[PDB]
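K.L.:
Dropping a structure here in structure tokens format, bear with me for questions.
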Protein chains: 2
Amino acid sequence: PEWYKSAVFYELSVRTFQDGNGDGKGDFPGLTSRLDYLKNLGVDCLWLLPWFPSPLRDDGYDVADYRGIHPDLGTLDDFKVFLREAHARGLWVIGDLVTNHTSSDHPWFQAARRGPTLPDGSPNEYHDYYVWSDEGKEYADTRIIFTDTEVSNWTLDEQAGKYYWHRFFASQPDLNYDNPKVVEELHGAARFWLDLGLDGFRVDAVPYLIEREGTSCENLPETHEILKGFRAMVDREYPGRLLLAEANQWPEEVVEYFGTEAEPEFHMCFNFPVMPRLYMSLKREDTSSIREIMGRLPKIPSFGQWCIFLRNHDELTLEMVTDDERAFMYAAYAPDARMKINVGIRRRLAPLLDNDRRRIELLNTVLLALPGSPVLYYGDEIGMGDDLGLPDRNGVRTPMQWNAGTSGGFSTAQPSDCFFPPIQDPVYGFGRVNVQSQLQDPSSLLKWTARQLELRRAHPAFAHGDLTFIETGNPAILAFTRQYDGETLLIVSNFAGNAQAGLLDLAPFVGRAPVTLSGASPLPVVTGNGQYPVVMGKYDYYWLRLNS
Amino acid sequence: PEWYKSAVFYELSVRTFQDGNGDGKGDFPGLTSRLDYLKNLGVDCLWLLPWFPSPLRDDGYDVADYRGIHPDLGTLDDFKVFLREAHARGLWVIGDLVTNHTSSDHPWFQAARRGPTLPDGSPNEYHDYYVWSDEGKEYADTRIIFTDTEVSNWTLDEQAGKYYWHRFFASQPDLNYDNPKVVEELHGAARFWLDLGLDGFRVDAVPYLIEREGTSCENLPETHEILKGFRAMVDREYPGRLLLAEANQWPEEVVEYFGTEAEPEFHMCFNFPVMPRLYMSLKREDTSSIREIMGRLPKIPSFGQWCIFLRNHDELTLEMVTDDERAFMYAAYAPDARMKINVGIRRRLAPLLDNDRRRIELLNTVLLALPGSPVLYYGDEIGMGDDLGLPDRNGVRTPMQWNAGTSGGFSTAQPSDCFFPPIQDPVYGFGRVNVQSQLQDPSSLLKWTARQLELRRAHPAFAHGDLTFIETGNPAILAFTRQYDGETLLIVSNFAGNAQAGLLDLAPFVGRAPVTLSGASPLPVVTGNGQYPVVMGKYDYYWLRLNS
Ligand SMILES: [Ca+2]
Ligand SMILES: [Ca+2]
Ligand SMILES: [Mg+2]
Ligand SMILES: [Mg+2]
């Protein structure tokens, strides 16, 4: 019933998607010119990365003005026409709300570092917007997220003569959520955009808002309380809008970000826990880690929906796996040391899978078949690669590859003048991987993706169904049912690189006939004790309905 | 065994493969520079299209000098070094021997058209090298092969004042094999090349040598007798050399080109009969035509070996199928009328299969898994397309696509200066489809092909085994065994575009365990009555061994 539950999401970065004025930077007019492509793909909601004024030290997640549009992306008018046109096509759009911190170039912080009092005796009302310390000795049981860059979560400010807190880069000072004026400022920022018609927000780094002595400073009850506040505001003032949480934590802690029926928080949260186990299972040819980790996720509220994903603008995060699992992933998916960043792996989806289309298809089917609303990362529809020559996580944020012309069609500016260089290598470069090609190619990955979303869209049980794992007698083979409104789907997936045999426990479905979702080819009726023998080719996916 | 039985063949055209001197024309030095690529691919024998002097009215199959090298391709020295280097790498090489006719520019024909007697009263000894008629009324129960171009197999020569015979173009007059001088001329031509160390010949258009009143003028006993003469000569003078027949006929008539143990003809013949049924079965999702047509092929001599192929330098021939089968193929594989030529379809393999890699892989596995020695058509290993803007069958003979540089790496001459233009379209063009890319791409089609030939090479039962079709209870699924030297291979192939179920009749193999040839994953042991249930994903191939 709520729109987000049946939507397909698409994550993109305006500066990196389409340049409309030849300066090497993506912009809103450019994005707007590509809306037909997104609609045709089968996308329903666009999630745009931060578009606000910013020195871009963390690519826009260091925000310097919550109520504007970064100059290189265009103007606020350009934004309003973009939104009009998106809505004209039946697309929703959500922004990225950066709550935990601002840029050090935010006027607030420039004001705040003047000290507790102005030179004229008056109180500096902005000073307590941020989190200050005399010695930087507090919150010591606290981990560092940007392990490769920051040595400490406290940094000394020259002119303020005190240490300030930051969970991310030193140029991203944390906001102080014990100060109620800060809560107002952000309720107000969100309002500004929701008043223009924005359909919601992806909310950034939600676990880290409140910090408390003698705790990890993650997932604190007071942090959750503030988030309940946001949801309460939106429910009252902007019914129907979406709030989606970036909360990368273990299952028990992630689910709490939905809140409860009585005290709601987020409508949606990313399913961070399943994501690594997908990759792990593929290398191990053993899907048990998927069932285990999915099994640890409690039921969610009635309004709740998972956002399922494979990759995104960040590294493949390994922060919320065991030390053994982390080491395995590095060994398997980060052979070069240059591939690691801050407890994670900074590679695009296709390279991670050795550009093996069968493996790419497989994981995409799992993405679309698990319970939640799926999100695609821009460029993965065509099999884009990465560029590890770029610092930080920018190697997975190269320009979208539209055609084989100048700079992949992203801009008329030459490749070395683009904000990030478009990829030109013989395997993943825009000469070989681009939209124009794949639109004309009857069997391209783009076309496959669209066809597969069409298929999903035609079976609501994917969006809304329950989930029940089936025993297969072979850990390489992952089987489950999705049931909803009388419909029973059976999804069988082979994570091995060669043919595999299984014995499915279909005892609950004796007497019923499985048929392929695609073309209704019938398989043998389920008989006897219901132990159903199968064979599967390498990386096969069987999308079935059980007819009664 | 004989070398040809375990060889993998590769068909290529020198003018079109690699240019070494920037004139837009492929040549021998160029070819020689690409021998490592062919060896590494897993090729054993190169079959070169005609390399002889010629006006190229049928792309070199109109021969004007049997004992030379066409100037565009280089010199006779260039040839000798090419051969030495091929042999240095353990590669065999065969040429194309054009027996049935010559160019009208051949000195023989220039001499012959002077008439039976010279202007000085002397007899013209060359006049009877060709086949002449006063009225062109003879051999009227005879079909026309180039239906789109030729209205008659007789053509009036201006200066000779008589009609001459030609099964092919009017510029390709048939040689007269009732004149024994002609037989000597060609025994001699073959000798010239075999003396240089050439390992054999593909022999062109063998059914059409002798023509007789009141017959079809195809497959005549006197034609076969002459071919026995060629074989006899090579067996005596050049033991170990290969003779491979182009004989496109129905099963009963093709097999006769092997001759018998007592009177041998050809070592190898192309398996023309199976080829169309492969394509048909895929569209119909019903493999019965393959079993039917394979079933009609009699056993062949001990020295005999089939040459299995999917495509070649000609059209996809529909001359030897039923009228109903022909109409179906046109409907399914020739939607544009421009795609038909002379009772066939002039398209490359990948375009025929909608560039669907799964379908490409499938047919390739079948090519490699049927009994015979397989032949690859140059460029199909990377998924090359075609150019229907070129006349006749030249649209499948575009330059090999080596890299994304100038003219696909085929030449430094620009694309409009190449002999045939290298393909530039967004789907199949050299920017997207080339060797360099696929060598660097871990999961490319090139790499797949090589990996799959490796796999074949490791199981001699593919080359030498018998063949037995297995009952599957589903026409979409084609199963068979190949047995040799105690080894039993089981090959199961799905020709449907969605998942299929089968029940394999493995009664003869109760108690034995099928394992994947690739990685030895075991499947359930064959039990009970031996009726073995399977499921297959779309276009899957299962390559299995049955272990005792
Ligand atoms: Ca904080
Ligand atoms: Ca003849
Ligand atoms: Mg711009
Ligand atoms: Mg040349």
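In the structure tokens, the first chain shown is A, the next is B, and so on; residue numbers restart at 1 for each chain, and ligands run from 1 in the order shown.
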Distance limit 10 Å, atoms considered: only C-alpha atoms. Which chain B residues sit that close to chain A? Return them as a VMD selection string.
P.N.:
chain B and resid 351 353 to 358 403 to 404 425 to 444 496 to 502 515 to 524 533 to 544
K.L.:
Write the residues of the selection above to a file with C-alpha atoms, as an mmCIF file, in the first residue's frame.
P.N.:
```
data_model
loop_
_atom_site.group_PDB
_atom_site.id
_atom_site.type_symbol
_atom_site.label_atom_id
_atom_site.label_comp_id
_atom_site.auth_asym_id
_atom_site.auth_seq_id
_atom_site.Cartn_x
_atom_site.Cartn_y
_atom_site.Cartn_z
ATOM 1 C CA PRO B 351 23.532 -11.712 -35.104
ATOM 2 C CA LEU B 353 21.314 -15.567 -32.250
ATOM 3 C CA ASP B 354 20.395 -11.982 -31.293
ATOM 4 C CA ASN B 355 23.888 -11.620 -29.826
ATOM 5 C CA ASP B 356 22.691 -13.796 -26.901
ATOM 6 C CA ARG B 357 25.862 -15.118 -25.351
ATOM 7 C CA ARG B 358 23.977 -17.981 -23.664
ATOM 8 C CA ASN B 403 41.671 -4.071 -31.011
ATOM 9 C CA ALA B 404 39.827 -0.750 -30.671
ATOM 10 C CA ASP B 425 28.291 -0.240 -35.386
ATOM 11 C CA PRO B 426 27.521 0.256 -31.668
ATOM 12 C CA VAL B 427 26.731 -3.401 -31.046
ATOM 13 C CA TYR B 428 29.305 -5.387 -33.077
ATOM 14 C CA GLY B 429 31.870 -2.758 -34.039
ATOM 15 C CA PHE B 430 35.540 -3.008 -33.158
ATOM 16 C CA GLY B 431 35.280 -0.443 -30.383
ATOM 17 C CA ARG B 432 33.184 -2.963 -28.475
ATOM 18 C CA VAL B 433 34.108 -6.323 -29.984
ATOM 19 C CA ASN B 434 37.812 -7.015 -30.276
ATOM 20 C CA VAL B 435 40.558 -9.412 -29.233
ATOM 21 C CA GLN B 436 42.559 -7.041 -27.013
ATOM 22 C CA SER B 437 39.499 -6.371 -24.846
ATOM 23 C CA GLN B 438 38.600 -10.007 -24.595
ATOM 24 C CA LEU B 439 42.165 -11.053 -23.758
ATOM 25 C CA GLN B 440 42.019 -8.677 -20.763
ATOM 26 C CA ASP B 441 38.460 -9.560 -19.780
ATOM 27 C CA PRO B 442 38.414 -12.559 -17.418
ATOM 28 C CA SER B 443 34.994 -13.664 -18.624
ATOM 29 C CA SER B 444 35.091 -12.792 -22.313
ATOM 30 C CA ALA B 496 14.730 -23.674 -24.714
ATOM 31 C CA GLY B 497 14.794 -20.068 -23.501
ATOM 32 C CA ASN B 498 13.423 -20.997 -20.071
ATOM 33 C CA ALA B 499 13.887 -23.717 -17.467
ATOM 34 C CA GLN B 500 13.029 -27.240 -18.535
ATOM 35 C CA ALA B 501 12.557 -30.632 -16.871
ATOM 36 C CA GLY B 502 13.626 -34.009 -18.213
ATOM 37 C CA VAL B 515 30.342 -35.797 -12.491
ATOM 38 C CA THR B 516 30.878 -32.443 -14.128
ATOM 39 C CA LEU B 517 33.803 -32.434 -16.537
ATOM 40 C CA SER B 518 34.555 -28.987 -15.153
ATOM 41 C CA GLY B 519 35.534 -29.238 -11.463
ATOM 42 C CA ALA B 520 34.163 -32.787 -10.881
ATOM 43 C CA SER B 521 31.065 -31.806 -8.898
ATOM 44 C CA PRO B 522 29.230 -35.089 -8.360
ATOM 45 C CA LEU B 523 25.570 -35.563 -9.159
ATOM 46 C CA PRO B 524 23.342 -38.202 -7.537
ATOM 47 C CA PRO B 533 15.351 -36.684 -13.323
ATOM 48 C CA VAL B 534 16.918 -33.345 -14.249
ATOM 49 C CA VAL B 535 16.158 -29.684 -14.487
ATOM 50 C CA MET B 536 18.016 -27.194 -16.656
ATOM 51 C CA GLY B 537 18.217 -23.443 -16.814
ATOM 52 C CA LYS B 538 17.658 -21.674 -20.127
ATOM 53 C CA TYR B 539 20.207 -22.691 -22.780
ATOM 54 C CA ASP B 540 22.256 -24.692 -20.271
ATOM 55 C CA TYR B 541 24.830 -27.254 -21.188
ATOM 56 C CA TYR B 542 25.826 -30.062 -18.865
ATOM 57 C CA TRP B 543 29.146 -31.696 -19.753
ATOM 58 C CA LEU B 544 29.386 -34.818 -17.678
#
```
K.L.:
Return as a list in words every polymer residue, whether protein, DNA or RNA, with at least one atom no more than 6 Å from an atom of ligand 3; count only C-alpha atoms and all ligand atoms.
P.N.:
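The neighbouring residues of ligand 3 are, in order, residues 19, 20, 21, 22, 23, 24, 25, 26, 27 and 72 of chain A.
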K.L.:
Identify all residues of segment 176-394 of chain B in helix (DSSP H, G or I) (DSSP on the backbone) and supply them as a PyMOL selection string.
P.N.:
chain B and resi 180-194+206-208+221-237+251-258+274-284+288-295+323-333+337-339+349-352+357-369+380-382+394
K.L.:
Can you tell me which residues come within 6 Å of ligand 1 when counting only C-alpha atoms and all ligand atoms, ideally as a list in words?
P.N.:
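These are the residues that qualify: residues 100, 174, 175, 208, 209 and 210 of chain A.
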K.L.:
Would you mind exporting the chosen residues as a CSV table (one decimal), in the first residue's frame, restricted to N, CA, C and O atoms?
P.N.:
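The resulting file, out.csv, is reproduced below:
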```
chain,number,residue,atom,x,y,z
A,100,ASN,N,24.4,14.2,10.8
A,100,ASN,CA,25.3,14.1,11.9
A,100,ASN,C,26.4,15.1,12.0
A,100,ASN,O,27.0,15.3,13.0
A,174,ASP,N,31.1,17.1,13.9
A,174,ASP,CA,29.8,16.6,14.3
A,174,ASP,C,28.9,17.7,14.9
A,174,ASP,O,29.4,18.6,15.7
A,175,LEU,N,27.6,17.7,14.6
A,175,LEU,CA,26.6,18.5,15.2
A,175,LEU,C,26.2,17.9,16.6
A,175,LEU,O,26.3,16.7,16.8
A,208,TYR,N,25.2,7.7,14.7
A,208,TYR,CA,26.3,8.4,15.3
A,208,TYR,C,26.0,9.8,15.9
A,208,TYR,O,26.9,10.6,16.3
A,209,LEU,N,24.7,10.1,16.0
A,209,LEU,CA,24.2,11.4,16.3
A,209,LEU,C,24.7,11.8,17.7
A,209,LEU,O,25.5,12.7,17.9
A,210,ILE,N,24.2,11.0,18.7
A,210,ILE,CA,24.5,11.3,20.1
A,210,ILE,C,25.7,10.5,20.5
A,210,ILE,O,25.9,9.3,20.1
```
K.L.:
Would you pick out the contacts of segment 270-277 of chain A at 10 Å or less, using only C-alpha atoms, so that residues sharing its chain but fewer than 5 positions from it are not included, and give the list as JSON, numbers by chain?
P.N.:
{"A": [202, 244, 245, 246, 247, 248, 249, 250, 251, 254, 255, 282, 283, 286, 287, 288, 289, 290, 291, 292, 293, 294, 296, 297, 305, 306, 307, 308, 309, 310, 311, 316, 317, 318, 320, 321, 325, 326, 329, 367, 370, 371, 372, 373, 374, 375]}
K.L.:
Just give me the gap between atom CA of residue 145 of chain A and atom CA of residue 315 of chain A in Å, one decimal is fine.
P.N.:
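That distance, rounded to one decimal, is 12.3 Å.
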K.L.:
Skipping near chain neighbours, those fewer than 3 positions away, what residues fall within 10 Å of residue 461 of chain A using only C-alpha atoms, listed as a ChimeraX atom specification?
P.N.:
/A:6,369,371,456-458,464-467,481-489
K.L.:
Taking N, CA and C atoms for each residue, export the selection above as an mmCIF file, in the first residue's frame.
P.N.:
```cif
data_model
loop_
_atom_site.group_PDB
_atom_site.id
_atom_site.type_symbol
_atom_site.label_atom_id
_atom_site.label_comp_id
_atom_site.auth_asym_id
_atom_site.auth_seq_id
_atom_site.Cartn_x
_atom_site.Cartn_y
_atom_site.Cartn_z
ATOM 1 N N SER A 6 6.653 -0.752 -3.088
ATOM 2 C CA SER A 6 6.653 -1.355 -4.423
ATOM 3 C C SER A 6 7.532 -0.577 -5.390
ATOM 4 N N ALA A 369 14.776 -10.538 -5.596
ATOM 5 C CA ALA A 369 13.931 -11.579 -5.044
ATOM 6 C C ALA A 369 13.879 -11.623 -3.518
ATOM 7 N N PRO A 371 13.154 -9.957 0.267
ATOM 8 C CA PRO A 371 12.083 -9.093 0.705
ATOM 9 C C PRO A 371 12.578 -7.716 0.986
ATOM 10 N N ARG A 456 9.624 -8.772 -12.226
ATOM 11 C CA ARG A 456 9.382 -8.561 -10.801
ATOM 12 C C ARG A 456 8.105 -7.767 -10.569
ATOM 13 N N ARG A 457 7.956 -6.708 -11.344
ATOM 14 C CA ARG A 457 6.826 -5.788 -11.233
ATOM 15 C C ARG A 457 5.512 -6.521 -11.437
ATOM 16 N N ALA A 458 5.538 -7.573 -12.236
ATOM 17 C CA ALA A 458 4.353 -8.370 -12.505
ATOM 18 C C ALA A 458 3.989 -9.368 -11.417
ATOM 19 N N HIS A 464 6.078 -7.535 -1.360
ATOM 20 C CA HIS A 464 5.281 -7.591 -0.144
ATOM 21 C C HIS A 464 5.239 -8.933 0.536
ATOM 22 N N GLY A 465 5.771 -9.951 -0.093
ATOM 23 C CA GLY A 465 5.634 -11.288 0.460
ATOM 24 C C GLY A 465 6.454 -11.527 1.703
ATOM 25 N N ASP A 466 6.109 -12.601 2.400
ATOM 26 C CA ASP A 466 6.908 -13.103 3.500
ATOM 27 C C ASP A 466 8.107 -13.807 2.891
ATOM 28 N N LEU A 467 8.921 -14.428 3.727
ATOM 29 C CA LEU A 467 10.059 -15.182 3.242
ATOM 30 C C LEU A 467 10.279 -16.414 4.082
ATOM 31 N N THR A 481 10.768 -19.422 -0.419
ATOM 32 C CA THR A 481 9.441 -19.012 -0.878
ATOM 33 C C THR A 481 9.134 -17.586 -0.502
ATOM 34 N N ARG A 482 8.404 -16.917 -1.386
ATOM 35 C CA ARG A 482 7.831 -15.624 -1.091
ATOM 36 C C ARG A 482 6.338 -15.766 -1.333
ATOM 37 N N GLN A 483 5.545 -15.561 -0.282
ATOM 38 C CA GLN A 483 4.104 -15.770 -0.342
ATOM 39 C C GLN A 483 3.382 -14.506 -0.020
ATOM 40 N N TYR A 484 2.357 -14.212 -0.815
ATOM 41 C CA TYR A 484 1.546 -13.031 -0.591
ATOM 42 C C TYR A 484 0.272 -13.090 -1.386
ATOM 43 N N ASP A 485 -0.847 -12.830 -0.701
ATOM 44 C CA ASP A 485 -2.165 -12.726 -1.343
ATOM 45 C C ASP A 485 -2.577 -13.986 -2.114
ATOM 46 N N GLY A 486 -2.272 -15.155 -1.561
ATOM 47 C CA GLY A 486 -2.563 -16.421 -2.225
ATOM 48 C C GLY A 486 -1.487 -16.909 -3.189
ATOM 49 N N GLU A 487 -0.577 -16.016 -3.590
ATOM 50 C CA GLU A 487 0.508 -16.335 -4.519
ATOM 51 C C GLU A 487 1.694 -16.931 -3.735
ATOM 52 N N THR A 488 2.249 -18.040 -4.226
ATOM 53 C CA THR A 488 3.469 -18.618 -3.642
ATOM 54 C C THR A 488 4.576 -18.717 -4.684
ATOM 55 N N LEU A 489 5.613 -17.887 -4.527
ATOM 56 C CA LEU A 489 6.752 -17.947 -5.398
ATOM 57 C C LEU A 489 7.818 -18.821 -4.770
#
```
K.L.:
Select, from B:147, B:494, B:412, B:122, the residue with the minimum atom-to-atom distance to ligand 4, counting only C-alpha atoms and all ligand atoms.
P.N.:
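With only C-alpha atoms and all ligand atoms as the atom set, the closest residue is B:412.
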K.L.:
For the atom pair atom CA of residue 73 of chain A and atom CA of residue 50 of chain A, what is the interatomic distance in Å to one decimal place?
P.N.:
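Separation of atom CA of residue 73 of chain A and atom CA of residue 50 of chain A: 10.6 Å.
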K.L.:
Around ligand 2, at most 9 Å away and counting only C-alpha atoms and all ligand atoms, which residues are there? Put them as a list in words, please.
P.N.:
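Using only C-alpha atoms and all ligand atoms, everything at most 9 Å from ligand 2 comes to residues 99, 100, 101, 130, 131, 165, 166, 167, 173, 174, 175, 176, 177, 206, 207, 208, 209, 210, 211, 217 and 223 of chain B.
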K.L.:
Next, the residues of the selection above should be written as a compact mmCIF listing (two decimals), in the first residue's frame with N, CA and C atoms.
P.N.:
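Below is the file again.txt, written as the result:
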```txt
# COMPACT_ATOMS: atom_id res chain seq x y z
N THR B 99 38.57 -27.08 -57.89
CA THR B 99 38.68 -28.09 -58.92
C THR B 99 37.63 -27.95 -60.02
N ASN B 100 36.41 -27.58 -59.66
CA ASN B 100 35.32 -27.64 -60.62
C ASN B 100 35.34 -26.61 -61.73
N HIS B 101 36.10 -25.54 -61.53
CA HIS B 101 36.10 -24.42 -62.46
C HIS B 101 37.29 -23.49 -62.22
N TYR B 130 37.31 -26.91 -71.25
CA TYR B 130 36.02 -26.45 -70.79
C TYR B 130 34.86 -27.18 -71.50
N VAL B 131 33.63 -26.85 -71.13
CA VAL B 131 32.47 -27.60 -71.56
C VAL B 131 31.60 -26.74 -72.46
N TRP B 165 29.57 -23.95 -70.03
CA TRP B 165 28.91 -24.40 -68.81
C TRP B 165 29.59 -23.80 -67.61
N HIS B 166 28.77 -23.47 -66.62
CA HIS B 166 29.26 -22.99 -65.34
C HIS B 166 28.20 -23.20 -64.27
N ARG B 167 28.56 -23.97 -63.24
CA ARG B 167 27.65 -24.18 -62.13
C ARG B 167 27.53 -22.96 -61.26
N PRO B 173 33.85 -20.58 -65.53
CA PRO B 173 33.57 -21.69 -66.43
C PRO B 173 34.04 -23.03 -65.90
N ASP B 174 33.16 -24.03 -65.97
CA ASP B 174 33.46 -25.37 -65.48
C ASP B 174 34.55 -26.02 -66.32
N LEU B 175 35.44 -26.72 -65.63
CA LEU B 175 36.43 -27.56 -66.27
C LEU B 175 35.78 -28.89 -66.67
N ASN B 176 36.32 -29.44 -67.75
CA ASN B 176 35.80 -30.62 -68.42
C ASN B 176 36.57 -31.86 -67.98
N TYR B 177 35.97 -32.63 -67.08
CA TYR B 177 36.65 -33.76 -66.45
C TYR B 177 36.54 -35.06 -67.24
N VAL B 206 32.80 -30.33 -54.75
CA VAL B 206 33.10 -31.66 -55.29
C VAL B 206 31.93 -32.40 -55.99
N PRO B 207 30.66 -32.13 -55.61
CA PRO B 207 29.59 -32.82 -56.29
C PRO B 207 29.36 -32.52 -57.78
N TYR B 208 29.97 -31.45 -58.31
CA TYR B 208 29.55 -30.86 -59.60
C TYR B 208 30.53 -31.05 -60.76
N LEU B 209 31.51 -31.92 -60.56
CA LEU B 209 32.59 -32.08 -61.53
C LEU B 209 32.06 -32.55 -62.87
N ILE B 210 31.50 -33.75 -62.87
CA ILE B 210 31.02 -34.37 -64.09
C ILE B 210 29.55 -34.05 -64.25
N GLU B 211 29.17 -33.77 -65.50
CA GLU B 211 27.79 -33.50 -65.87
C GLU B 211 27.35 -34.55 -66.94
N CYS B 217 23.20 -33.92 -62.47
CA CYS B 217 24.58 -33.46 -62.62
C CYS B 217 25.25 -33.17 -61.26
N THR B 223 32.04 -38.55 -61.26
CA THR B 223 32.57 -37.52 -60.38
C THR B 223 33.32 -38.19 -59.23
```
K.L.:
May I ask for the distance between atom CA of residue 368 of chain A and atom CA of residue 285 of chain B, given in Å to one decimal place?
P.N.:
27.9 Å
K.L.:
Write out as a PDB file with N, CA and C atoms, in the first residue's frame which residues come within 9 Å of segment 237-242 of chain B when counting only C-alpha atoms, dropping same-chain ones fewer than 4 positions away.
P.N.:
```pdb
ATOM      1  N   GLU B   2      44.996 -40.621 -36.806  1.00  0.00           N
ATOM      2  CA  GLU B   2      45.358 -39.608 -37.810  1.00  0.00           C
ATOM      3  C   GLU B   2      45.169 -38.223 -37.228  1.00  0.00           C
ATOM      4  N   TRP B   3      46.069 -37.325 -37.595  1.00  0.00           N
ATOM      5  CA  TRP B   3      46.130 -36.017 -36.958  1.00  0.00           C
ATOM      6  C   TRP B   3      44.834 -35.222 -37.090  1.00  0.00           C
ATOM      7  N   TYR B   4      44.223 -35.252 -38.275  1.00  0.00           N
ATOM      8  CA  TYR B   4      42.988 -34.538 -38.509  1.00  0.00           C
ATOM      9  C   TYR B   4      41.844 -34.914 -37.564  1.00  0.00           C
ATOM     10  N   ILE B  94      45.984 -26.131 -44.337  1.00  0.00           N
ATOM     11  CA  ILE B  94      45.422 -26.597 -45.599  1.00  0.00           C
ATOM     12  C   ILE B  94      44.958 -25.442 -46.458  1.00  0.00           C
ATOM     13  N   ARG B 191      50.008 -31.013 -56.523  1.00  0.00           N
ATOM     14  CA  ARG B 191      51.377 -31.435 -56.280  1.00  0.00           C
ATOM     15  C   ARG B 191      52.239 -30.245 -55.935  1.00  0.00           C
ATOM     16  N   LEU B 194      51.645 -29.350 -52.296  1.00  0.00           N
ATOM     17  CA  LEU B 194      52.023 -30.414 -51.358  1.00  0.00           C
ATOM     18  C   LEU B 194      53.531 -30.585 -51.276  1.00  0.00           C
ATOM     19  N   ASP B 195      54.216 -30.291 -52.383  1.00  0.00           N
ATOM     20  CA  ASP B 195      55.702 -30.313 -52.448  1.00  0.00           C
ATOM     21  C   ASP B 195      56.335 -29.223 -51.596  1.00  0.00           C
ATOM     22  N   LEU B 198      52.549 -28.126 -47.702  1.00  0.00           N
ATOM     23  CA  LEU B 198      51.167 -27.918 -47.325  1.00  0.00           C
ATOM     24  C   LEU B 198      50.594 -29.239 -46.819  1.00  0.00           C
ATOM     25  N   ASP B 199      49.820 -29.189 -45.748  1.00  0.00           N
ATOM     26  CA  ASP B 199      49.346 -30.392 -45.096  1.00  0.00           C
ATOM     27  C   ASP B 199      48.070 -30.977 -45.686  1.00  0.00           C
ATOM     28  N   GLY B 200      47.491 -30.324 -46.681  1.00  0.00           N
ATOM     29  CA  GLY B 200      46.262 -30.830 -47.290  1.00  0.00           C
ATOM     30  C   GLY B 200      45.454 -29.778 -48.025  1.00  0.00           C
ATOM     31  N   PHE B 201      44.218 -30.134 -48.358  1.00  0.00           N
ATOM     32  CA  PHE B 201      43.318 -29.257 -49.053  1.00  0.00           C
ATOM     33  C   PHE B 201      41.878 -29.410 -48.614  1.00  0.00           C
ATOM     34  N   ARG B 202      41.202 -28.279 -48.498  1.00  0.00           N
ATOM     35  CA  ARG B 202      39.786 -28.246 -48.558  1.00  0.00           C
ATOM     36  C   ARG B 202      39.477 -28.243 -50.038  1.00  0.00           C
ATOM     37  N   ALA B 232      43.927 -41.347 -54.321  1.00  0.00           N
ATOM     38  CA  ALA B 232      44.881 -42.406 -54.636  1.00  0.00           C
ATOM     39  C   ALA B 232      46.233 -41.791 -54.835  1.00  0.00           C
ATOM     40  N   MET B 233      46.250 -40.672 -55.548  1.00  0.00           N
ATOM     41  CA  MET B 233      47.487 -39.943 -55.791  1.00  0.00           C
ATOM     42  C   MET B 233      48.123 -39.472 -54.484  1.00  0.00           C
ATOM     43  N   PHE B 266      37.518 -39.086 -49.712  1.00  0.00           N
ATOM     44  CA  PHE B 266      37.919 -38.060 -48.785  1.00  0.00           C
ATOM     45  C   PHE B 266      38.111 -38.549 -47.357  1.00  0.00           C
ATOM     46  N   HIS B 267      39.087 -37.972 -46.664  1.00  0.00           N
ATOM     47  CA  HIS B 267      39.296 -38.277 -45.259  1.00  0.00           C
ATOM     48  C   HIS B 267      38.159 -37.659 -44.451  1.00  0.00           C
ATOM     49  N   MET B 268      37.800 -36.433 -44.821  1.00  0.00           N
ATOM     50  CA  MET B 268      36.838 -35.646 -44.084  1.00  0.00           C
ATOM     51  C   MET B 268      35.851 -35.003 -45.034  1.00  0.00           C
TER      52      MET B 268
END
```
K.L.:
Could you give me, as a list in words, each residue of segment 289-409 of chain A that DSSP assigns to strand (DSSP E) when run on this structure's backbone?
P.N.:
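Put together, the selection reads residues 305, 306, 307, 308, 309, 316, 317, 344, 345, 373, 374, 375, 376 and 377 of chain A.
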K.L.:
If you count only C-alpha atoms, which residues fall within 8 Å of residue 136 of chain A, apart from same-chain ones fewer than 2 positions away, as a ChimeraX atom specification?
P.N.:
/A:133-134,138,154-155,163-164
K.L.:
Write out the residues from the selection above, keeping C-alpha atoms, as a short mmCIF file (atom, residue, chain, number, x, y, z; two decimals), in the first residue's frame.
P.N.:
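Output saved as result_23.cif:
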```cif
data_model
loop_
_atom_site.label_atom_id
_atom_site.label_comp_id
_atom_site.auth_asym_id
_atom_site.auth_seq_id
_atom_site.Cartn_x
_atom_site.Cartn_y
_atom_site.Cartn_z
CA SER A 133 36.43 19.42 24.57
CA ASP A 134 39.28 21.02 26.47
CA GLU A 138 36.35 11.99 26.22
CA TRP A 154 39.00 14.70 18.21
CA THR A 155 40.86 17.44 16.36
CA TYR A 163 39.15 20.05 20.36
CA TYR A 164 36.06 19.31 18.30
#
```
